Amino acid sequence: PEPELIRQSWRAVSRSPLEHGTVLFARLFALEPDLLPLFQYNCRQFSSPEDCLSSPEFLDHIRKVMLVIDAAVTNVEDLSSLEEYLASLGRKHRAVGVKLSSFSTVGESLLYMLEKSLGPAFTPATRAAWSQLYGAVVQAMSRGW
């Protein structure tokens, strides 16, 4: 994927990862509402939809998602450095009940969050680069299923 387009489009979002990751998750739950109970059942401190989603565990996972995307961005020129990490990350999600299909919905949610932050700066070339980068991340995780 075009590295300069990826790095530049990620800069501002990367500086406020919880705010932007929260936008991503809201879109994800809109597209795939069955993910909400999956998080709820995996939550340990609280039990309710709302208490789980505002919990440190859930906020931690938002940061983890953004950490992984940041790892893909900073390794865009050679994602081979994340192949084993991502295969294992896929195996881990499969074990907690996540479907591989849900990661395509995450991609749609990522693109939505970037377009919301960047507005007209999110060009079709920038979209294509992200689709290719995130697709490569999902391809590497798909080894886990």
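The first residue of the shown sequence is 1; numbering continues from there.
Novice: If you average the Cα B factors in the entry, which is higher, 62-70 or 78-86?
Specialist: Higher mean C-alpha B-factor in the PDB entry: 78-86.
Novice: Determine, for stretches 39-47 and 53-61, which one has the higher mean CA B-factor as deposited.
Specialist: So the stretch with the higher mean C-alpha B-factor is 39-47.
Novice: When you compare the CA B-factors of 100, 96, 114, 106 as listed in the entry, which one comes out on top?
Specialist: Max CA B-factor in the entry, restricted to 100, 96, 114, 106: 96.
Novice: Select one of 24, 121, 128, 137: the residue whose C-alpha shows the highest B-factor in the crystal structure entry.
Specialist: Among 24, 121, 128, 137, the highest C-alpha B-factor in the entry belongs to 121.
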